[PDB]
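The next block holds one structure in the form of structure tokens; read it before the comments.
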Amino acid sequence: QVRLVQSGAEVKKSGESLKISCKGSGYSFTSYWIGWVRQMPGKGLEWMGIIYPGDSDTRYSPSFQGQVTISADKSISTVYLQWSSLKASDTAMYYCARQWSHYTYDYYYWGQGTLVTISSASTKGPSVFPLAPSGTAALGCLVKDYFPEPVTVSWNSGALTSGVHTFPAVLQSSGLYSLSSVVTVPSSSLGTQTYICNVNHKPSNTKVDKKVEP
Amino acid sequence: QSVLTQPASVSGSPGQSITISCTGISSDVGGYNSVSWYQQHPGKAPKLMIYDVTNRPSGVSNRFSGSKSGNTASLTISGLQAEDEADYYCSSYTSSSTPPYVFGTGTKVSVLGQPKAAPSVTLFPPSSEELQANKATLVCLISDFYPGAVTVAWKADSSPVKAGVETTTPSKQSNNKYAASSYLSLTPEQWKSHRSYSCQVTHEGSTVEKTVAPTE
Amino acid sequence: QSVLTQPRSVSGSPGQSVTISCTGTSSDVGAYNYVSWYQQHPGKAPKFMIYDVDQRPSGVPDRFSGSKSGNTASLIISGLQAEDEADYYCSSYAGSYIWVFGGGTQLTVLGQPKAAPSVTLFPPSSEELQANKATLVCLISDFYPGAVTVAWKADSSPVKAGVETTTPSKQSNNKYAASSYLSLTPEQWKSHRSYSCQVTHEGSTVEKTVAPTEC
Amino acid sequence: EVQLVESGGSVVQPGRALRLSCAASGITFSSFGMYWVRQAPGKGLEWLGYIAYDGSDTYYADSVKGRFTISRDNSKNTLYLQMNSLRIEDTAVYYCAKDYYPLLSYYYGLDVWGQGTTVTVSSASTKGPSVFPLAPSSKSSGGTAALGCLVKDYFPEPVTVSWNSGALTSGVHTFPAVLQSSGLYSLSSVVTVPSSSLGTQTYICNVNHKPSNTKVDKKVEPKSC
Amino acid sequence: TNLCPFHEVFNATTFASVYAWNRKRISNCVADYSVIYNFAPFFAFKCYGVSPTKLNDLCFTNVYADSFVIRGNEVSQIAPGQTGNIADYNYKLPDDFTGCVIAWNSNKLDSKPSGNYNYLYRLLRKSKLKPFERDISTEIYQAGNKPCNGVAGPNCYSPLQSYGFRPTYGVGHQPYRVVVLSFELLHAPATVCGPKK
Ligand SMILES: *[C@@H]1O[C@H](CO)[C@@H](O)[C@H](O)[C@H]1NC(C)=O
Ligand SMILES: [Cl-]
Ligand code: NI
């Protein structure tokens, strides 16, 4: 049974080095190219390069040439992907893959993938900003640069729940989170009713109430 | 290094046939070549569905077929069903090319379980408090669309903006339509240097746009 | 891999053909056609002469060719020339990216008439004996071809212990010379009536004799 | 014409290490696999090993594997041999040589060689020779007489011998050295002279052994017996 | 009966040089291997991962017939786990090869009195050939400063040489036609079966 087993998930800081691996079994390991493929979160497959473990002949994609080192240790049937200095843009799933046979070049065999997460992970409280309105009106709050999730958002101490939509946060390239919450209110009570969002973020122990007005 | 271009998304109802194109393929008649199609479900490794242009591995449903015409390959999925909802990647191999392998840009297939619904778009300006802090974030909120696949493009005076854009994956709302959000981070001077900014959302071949202006 | 077996020497006249064999095992010369030959003149680096059994690298005279049969390869030199006088080394691939050389063959091109050696046998000097050492010095000169064997006799009994002999060396006149030494204690020297150095050259033996009491 | 120059040969004690270099002229070095080959005095060629043009592979004869290391620096057009755990039997001239063909080739041969560098592995101590006269025969008259000098027990090579300060050259043959079981070298020089010159012309051999900083001038006198 | 066209390979009027070896894909057909005798006089064969006596019973996904000429004493290099000038630079079988190598003496067809210089082989390469890799470059390798301009010469190395087959050579130096049959077995429907199955 041709199997490709990759090393476990990696959580790294920016500027650190990393070496991940992919061990082959159940076939002649030195008779076949092995390829590496990157997939950034929510993006497509990118072919990075191949190595022939028999003689460590390597072919890098033009986009990865000089950006990563592919190597092989045939004595333990393993190939590797290595970075000298990780950048946040290296956050991705990484797969090794092998062609089906000597005559069928398509990638039939895949490793289970290694998740590489590059983060400036430090607990940090969010910055809150109001989003003022222009028969119906729309206003809300912006929750910026916090870690980790979650942030709980209320409105008028939880007395205004009909019409609120708190969006799932975006995971920025910095590792921080940022989300927005909006409420749809009747245009007649624009100047008659005061609207304040209540943002709570337990790990940083920060609570903010921000008023919204045109 | 030539791109294989696929549509960002295609959708169909259960039982229909859908087709995904893959344009830009080259080969070397003097070398080895292949065209492949891969299916990828969330959290899983890609799976080879079509190999050598038209062939299926054992166990791959014959609802999947592939073909090629000129420089364009096509995957067709007949009798579409919910389990087919996934990302699909075409790929070309040419032994003599640099790079020898290329993956296509990828296609999200949606299997429609309710009528299509266009997204609501709300574009908020940067906050004055944020402007006083000398940081600026444009907030583009997208809601009530179905199926859950959108493309988000930002324009500054009709000029595309690719730097500084963050976008979320679609998430199911309580009403079972989808929402997503996009943020554009800019310098305060960058905001003032252009007359207007636009958030353009493409969904099922139709575009919805909102626009923000410095004056208020 | 063991060294490949070559004959120690071969000889020929100008215009003749000469052959040199190179015998290996079934896992070198017998397994591969990667058999090469080198020529080496006195005091010089080897020169590449043959590869792939019978191919000549650029510039090598067409007079050099080769053949192989099983575990033995052959160098064949047609139209022998004076410049061909040299040592020749075969070499074979031995598997696993290893090469091995043969032991060498000295090729002589007969270029002058036979000349018998002059032999001079010096007894130990009085100065060396006063130092309580004794060396018998047998100097051999002006012979051609350059090959002799040297045998030492104490009285008339053969002596092999304490003998060192040089390989023949070309003189300025292009004949050859050699030297042989017999190292003795003064007691061994004085215990015999005589000592003899016997030089055999082209089947003929020339002998010189010294005695402790006879000077 | 690429030229190869080996350097670094010297006298070294058993057990110690020595590094040889092989410098190539021009720019072609980086295209060629390179080899080391050695030759003990009076003995045959011995293939020692190889390193590929790009360093991709290195191969070694069993006789030096695990003792010698071959490497190359293409930025310096230079090949190296690191020799550890040296033994008497490593005494040899060491040659570097380039492959007949560039890139991966291997199956053909070695077409350009250096002149070699000499390594002598020995526990012997530097020592100047003892010089003894080889007096001409009293019977010699046979037209001419042979006389010489015995140059005994020196280390290392070389010694030079002249006769009468270089004034006497006709008839002189200086022999190659023997290496004795002591680890010390000996040689002789002989000259043929008219028998009528004996006892009127002085004959002195001048023996110079630079390694030991010794010169010996030995007068060779006719023997009365 | 839709027989696999082995005649196209075995009875080809002319064979490829080993450096530019030919490949014939064999799919969707009945493989009657018995026809090999009618085209290859006095052939010899070795099989790996298959028994020859059961070939008419087996089914494969695809078959490949690669064919070329080498000299007799190089036929042993066309085997898995071999190294040498042909295996390293001209045609390389993988260690895990599943198939058969068929070779037969073609002196009568491929030798000429003055030497057949049409059959060539590669002398050198930047790296060893991968399994079933094919290198048909003829570029002269520039080792020195001076450009070669397609001219061999000083520091300018031609990568290819002719065999020069002549009828006076011993068998080891006579031409042999070689067909390598690759038996590909994927987890996929078979398209090449023997006549018995
Ligand atoms: C092979 O082909 C030649 C010419 O195409 C033909 O003359 C010969 O009969 C063929 N051999 C067979 C059919 O066995
Ligand atoms: Cl006695
Ligand atoms: Ni003389």
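A note on labels: chains of the structure tokens are A, B, ... as shown, every chain counts residues from 1, and ligands are counted from 1 in their shown order.
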Within-10 Å residues of ligand 1, basis only C-alpha atoms and all ligand atoms, as an NGL selection string: :E and (7-8 or 10-13 or 35-40)
Next, dump the selected residues to file, keeping only N, CA and C atoms, as an mmCIF file, in the first residue's frame.
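Output below, filename selection_21.cif:
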data_model
loop_
_atom_site.group_PDB
_atom_site.id
_atom_site.type_symbol
_atom_site.label_atom_id
_atom_site.label_comp_id
_atom_site.auth_asym_id
_atom_site.auth_seq_id
_atom_site.Cartn_x
_atom_site.Cartn_y
_atom_site.Cartn_z
ATOM 1 N N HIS E 7 3.034 -6.029 -33.675
ATOM 2 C CA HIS E 7 3.792 -6.027 -34.922
ATOM 3 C C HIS E 7 4.382 -4.656 -35.211
ATOM 4 N N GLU E 8 3.640 -3.588 -34.901
ATOM 5 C CA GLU E 8 4.157 -2.243 -35.127
ATOM 6 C C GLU E 8 5.491 -2.040 -34.425
ATOM 7 N N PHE E 10 7.616 -4.751 -32.937
ATOM 8 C CA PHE E 10 8.617 -5.786 -33.175
ATOM 9 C C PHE E 10 9.030 -5.870 -34.637
ATOM 10 N N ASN E 11 8.118 -5.606 -35.575
ATOM 11 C CA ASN E 11 8.453 -5.687 -36.990
ATOM 12 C C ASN E 11 8.687 -4.317 -37.621
ATOM 13 N N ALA E 12 8.925 -3.288 -36.815
ATOM 14 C CA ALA E 12 9.279 -1.984 -37.364
ATOM 15 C C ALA E 12 10.491 -2.106 -38.283
ATOM 16 N N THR E 13 10.416 -1.471 -39.454
ATOM 17 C CA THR E 13 11.531 -1.534 -40.393
ATOM 18 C C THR E 13 12.811 -1.025 -39.750
ATOM 19 N N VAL E 35 2.848 -13.698 -30.837
ATOM 20 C CA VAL E 35 3.319 -13.171 -32.114
ATOM 21 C C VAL E 35 4.783 -12.749 -32.060
ATOM 22 N N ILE E 36 5.352 -12.597 -30.864
ATOM 23 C CA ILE E 36 6.729 -12.128 -30.749
ATOM 24 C C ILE E 36 7.693 -13.052 -31.490
ATOM 25 N N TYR E 37 7.422 -14.361 -31.491
ATOM 26 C CA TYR E 37 8.301 -15.304 -32.177
ATOM 27 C C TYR E 37 8.363 -15.047 -33.679
ATOM 28 N N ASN E 38 7.265 -14.568 -34.274
ATOM 29 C CA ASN E 38 7.212 -14.392 -35.722
ATOM 30 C C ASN E 38 8.039 -13.206 -36.201
ATOM 31 N N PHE E 39 8.424 -12.307 -35.296
ATOM 32 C CA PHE E 39 9.122 -11.077 -35.643
ATOM 33 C C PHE E 39 10.552 -11.016 -35.135
ATOM 34 N N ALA E 40 10.852 -11.655 -34.005
ATOM 35 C CA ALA E 40 12.172 -11.568 -33.386
ATOM 36 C C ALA E 40 12.889 -12.913 -33.445
#
Please give the complete set of residues from chain D that DSSP, run on the backbone, assigns to strand (DSSP E), formatted as a ChimeraX atom specification. /D:4-7,11-12,18-24,34-39,45-51,58-60,68-73,78-83,92-99,110-113,117-121,130-134,144-154,160-163,172-174,178-179,185-194,204-209,214-219
Have a look at CA of residue 95 in chain D and CA of residue 113 in chain D and let me know their distance in Å, one decimal.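 Straight-line distance from CA of residue 95 in chain D to CA of residue 113 in chain D works out to 6.7 Å.
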Between D:196, D:74, D:126, D:170, which residue has the minimum interatomic distance to ligand 3, considering only C-alpha atoms and all ligand atoms?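 Smallest distance to ligand 3 is found for D:170.
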Using only C-alpha atoms, I'd like every residue of chain D that has an atom within 12 Å of chain A; please write them out as a list in words. residues 54, 55, 56 and 57 of chain D
Write to file, as an mmCIF file, in the first residue's frame, the residues of the selection just made, with N, CA and C atoms.
data_model
loop_
_atom_site.group_PDB
_atom_site.id
_atom_site.type_symbol
_atom_site.label_atom_id
_atom_site.label_comp_id
_atom_site.auth_asym_id
_atom_site.auth_seq_id
_atom_site.Cartn_x
_atom_site.Cartn_y
_atom_site.Cartn_z
ATOM 1 N N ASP D 54 29.773 18.402 -9.445
ATOM 2 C CA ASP D 54 28.915 19.199 -8.584
ATOM 3 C C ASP D 54 28.950 18.734 -7.136
ATOM 4 N N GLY D 55 29.910 17.890 -6.760
ATOM 5 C CA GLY D 55 29.873 17.353 -5.412
ATOM 6 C C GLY D 55 28.737 16.394 -5.120
ATOM 7 N N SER D 56 27.974 15.961 -6.130
ATOM 8 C CA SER D 56 26.784 15.162 -5.837
ATOM 9 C C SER D 56 27.138 13.802 -5.234
ATOM 10 N N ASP D 57 28.294 13.234 -5.586
ATOM 11 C CA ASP D 57 28.713 11.943 -5.055
ATOM 12 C C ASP D 57 30.219 11.908 -4.867
#
Select, as JSON, numbers by chain, those residues of chain C with any atom no more than 10 Å from chain E (distances computed using only C-alpha atoms). {"C": [31, 32, 33, 34, 93, 95, 96, 97]}
How would the residues just picked look written out with N, CA, C and O atoms as a PDB file, in the first residue's frame?
ATOM      1  N   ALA C  31      32.981  -8.446 -16.055  1.00  0.00           N
ATOM      2  CA  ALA C  31      31.602  -7.981 -15.981  1.00  0.00           C
ATOM      3  C   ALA C  31      31.319  -6.756 -16.845  1.00  0.00           C
ATOM      4  O   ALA C  31      30.159  -6.502 -17.162  1.00  0.00           O
ATOM      5  N   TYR C  32      32.335  -5.996 -17.236  1.00  0.00           N
ATOM      6  CA  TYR C  32      32.130  -4.668 -17.809  1.00  0.00           C
ATOM      7  C   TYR C  32      33.029  -4.494 -19.021  1.00  0.00           C
ATOM      8  O   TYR C  32      34.053  -5.168 -19.156  1.00  0.00           O
ATOM      9  N   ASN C  33      32.629  -3.601 -19.923  1.00  0.00           N
ATOM     10  CA  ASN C  33      33.509  -3.243 -21.026  1.00  0.00           C
ATOM     11  C   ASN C  33      34.276  -1.960 -20.722  1.00  0.00           C
ATOM     12  O   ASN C  33      35.033  -1.478 -21.569  1.00  0.00           O
ATOM     13  N   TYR C  34      34.148  -1.434 -19.503  1.00  0.00           N
ATOM     14  CA  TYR C  34      34.854  -0.214 -19.108  1.00  0.00           C
ATOM     15  C   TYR C  34      36.257  -0.603 -18.655  1.00  0.00           C
ATOM     16  O   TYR C  34      36.579  -0.654 -17.467  1.00  0.00           O
ATOM     17  N   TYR C  93      36.539  -0.916 -14.403  1.00  0.00           N
ATOM     18  CA  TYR C  93      35.427  -0.641 -13.515  1.00  0.00           C
ATOM     19  C   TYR C  93      35.185  -1.892 -12.681  1.00  0.00           C
ATOM     20  O   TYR C  93      35.386  -3.015 -13.156  1.00  0.00           O
ATOM     21  N   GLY C  95      32.302  -2.157 -10.467  1.00  0.00           N
ATOM     22  CA  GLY C  95      30.978  -2.083  -9.875  1.00  0.00           C
ATOM     23  C   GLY C  95      30.906  -1.029  -8.791  1.00  0.00           C
ATOM     24  O   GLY C  95      31.897  -0.685  -8.146  1.00  0.00           O
ATOM     25  N   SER C  96      29.703  -0.492  -8.611  1.00  0.00           N
ATOM     26  CA  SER C  96      29.401   0.473  -7.554  1.00  0.00           C
ATOM     27  C   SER C  96      30.304   1.704  -7.615  1.00  0.00           C
ATOM     28  O   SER C  96      30.726   2.232  -6.584  1.00  0.00           O
ATOM     29  N   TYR C  97      30.582   2.175  -8.834  1.00  0.00           N
ATOM     30  CA  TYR C  97      31.358   3.394  -9.082  1.00  0.00           C
ATOM     31  C   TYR C  97      32.765   3.318  -8.484  1.00  0.00           C
ATOM     32  O   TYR C  97      33.338   4.332  -8.075  1.00  0.00           O
TER      33      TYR C  97
END
Considering only C-alpha atoms, give me a table of residues in chain E that are at most 8 Å from chain A, with the closest atom pair and distance in Å for each, as a Markdown table.
| residue | atom | partner | partner_atom | distance |
| --- | --- | --- | --- | --- |
| E:94 | CA | A:31 | CA | 5.9 |
| E:95 | CA | A:31 | CA | 6.6 |
| E:96 | CA | A:28 | CA | 6.4 |
| E:127 | CA | A:57 | CA | 7.9 |
| E:130 | CA | A:31 | CA | 7.9 |
| E:131 | CA | A:31 | CA | 7.2 |
| E:132 | CA | A:102 | CA | 7.5 |
| E:184 | CA | A:103 | CA | 7.3 |
| E:186 | CA | A:100 | CA | 7.6 |
Taking only residues of chain D that have an atom at most 7 Å from an atom of chain C, what is each one's shortest atom pair and its distance in Å to one decimal, using only C-alpha atoms, in chain and number order, as a Markdown table?
| residue | atom | partner | partner_atom | distance |
| --- | --- | --- | --- | --- |
| D:44 | CA | C:103 | CA | 5.3 |
| D:45 | CA | C:101 | CA | 6.4 |
| D:46 | CA | C:101 | CA | 6.1 |
| D:47 | CA | C:100 | CA | 5.9 |
| D:59 | CA | C:97 | CA | 6.8 |
| D:61 | CA | C:98 | CA | 6.7 |
| D:107 | CA | C:34 | CA | 5.8 |
| D:108 | CA | C:51 | CA | 5.4 |
| D:109 | CA | C:51 | CA | 6.6 |
| D:110 | CA | C:48 | CA | 6.3 |
| D:111 | CA | C:48 | CA | 5.2 |
| D:113 | CA | C:45 | CA | 6.3 |
| D:114 | CA | C:45 | CA | 6.8 |
| D:115 | CA | C:45 | CA | 5.7 |
| D:132 | CA | C:128 | CA | 6.5 |
| D:133 | CA | C:125 | CA | 6.5 |
| D:134 | CA | C:122 | CA | 6.3 |
| D:173 | CA | C:171 | CA | 6.7 |
| D:176 | CA | C:166 | CA | 6.9 |
| D:178 | CA | C:166 | CA | 6.4 |
| D:225 | CA | C:215 | CA | 5.2 |
